[PDB]
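A.B. asks: The sequence isn't on hand, but the structure is:
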RNA sequence: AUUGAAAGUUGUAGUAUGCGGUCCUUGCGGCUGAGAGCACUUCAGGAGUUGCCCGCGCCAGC
C-alpha cells in the first residue's frame, strides 16, 4: 500500500518473512539459433581499444610513474539478432500475496 | 510461486597530439615523299541560191 516498487518487483523481509515474488519476470537475451546456424564461423565480437589521455599542467604526459591517469583499456562489442521474452503478471498488482480473494459476501471478489 | 522469496559485475575514459612520398631531368640530335614524262598525231562550216518581176512626176498654169 505504501510502496510501489515493492509491490510490482517484490521484496524480502528476513525479520518476519513476508516474501512477495516479482510480478514481472524476464529471460536471457540470446541470438536466435537460426542466426547461429547461418553464421557457423565468424567472431562478431570486436575488441576495440580506448585510451584516457591526461595532459599535464603545461603539456606533459606520463604512463605509470607521474601519478597521472593515462591508461589504454579495451571493450568487447557484439552484434547479431537476439531473442527476448518477458512475462508480466500485472493482474496481481495491489492484491496481497497471501490473500488473493476476500470471499466475505459469498463472492470471490479480488482482495484489492 | 518450487535449492525457494528481493539481487545492473556497475558509474567517468579522443588508442591521441606534429609529419611535402619530396628535391634535379629536352622522349633530344641528323633526314629532298626525289629523280625521267607532248593529254600528242589526221580534220573545208562545205556544196547549190537574181533582192527578181509591173510602175509617166503626171495632167490645166499668157
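C.D. replies: Ah, there it is. Numbering: from 1, shown residues only, chains lettered A, B, ... in the order given.
A.B. asks: Run a quick check on residue A:20 versus residue A:10, I expect a contact.
C.D. replies: Yes - the pair residue A:20 / residue A:10 is scored as a contact, 4.7 Å apart, by C-beta atoms under 8 Å. Just so you know, the C-beta spots here come from the backbone N, C-alpha and C atoms, and that holds for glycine as well.
A.B. asks: which of the two has more neighbours?
C.D. replies: residue A:20 (17 against 14; other C-beta atoms under 10 Å).
A.B. asks: Tell me the spacing between the more buried one and RNA strand B.
C.D. replies: Counting by C-beta to the nearest atom of the strand, to the nearest Å, the separation of residue A:20 from RNA strand B is 6 Å.
A.B. asks: which residues touch that residue?
C.D. replies: A:6-7, A:10-11, A:97 (C-beta atoms under 8 Å, 6 or more residues apart in numbering).
A.B. asks: Which of these ranks first by neighbour count?
C.D. replies: Neighbour max across the contacts of residue A:20 (other C-beta under 10 Å) = residue A:7, 17 neighbours.
A.B. asks: Look up which helix or strand that residue falls in, please.
C.D. replies: Using DSSP states H and E, residue A:7 maps to helix A:5-9.
A.B. asks: Show me the contact partners of that helix.
C.D. replies: With contact meaning C-beta under 8 Å, 6+ apart, helix A:5-9 is reached by A:20, A:22-24, A:90, A:93-94.
A.B. asks: Stretch A:90-102 too?
C.D. replies: Applying C-beta under 8 Å, 6+ apart, the contact partners of stretch A:90-102 are A:7-8, A:19-21, A:23-24, A:108-112.
A.B. asks: how about a markdown table for those, with secondary structure added?
C.D. replies: Shown next, in a markdown table, are the contacts of stretch A:90-102 (DSSP: H, G, I helix; E, B strand; the rest coil):
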| residue | secondary structure |
| --- | --- |
| A:7 | helix |
| A:8 | helix |
| A:19 | strand |
| A:20 | strand |
| A:21 | coil |
| A:23 | coil |
| A:24 | strand |
| A:108 | coil |
| A:109 | coil |
| A:110 | strand |
| A:111 | coil |
| A:112 | coil |
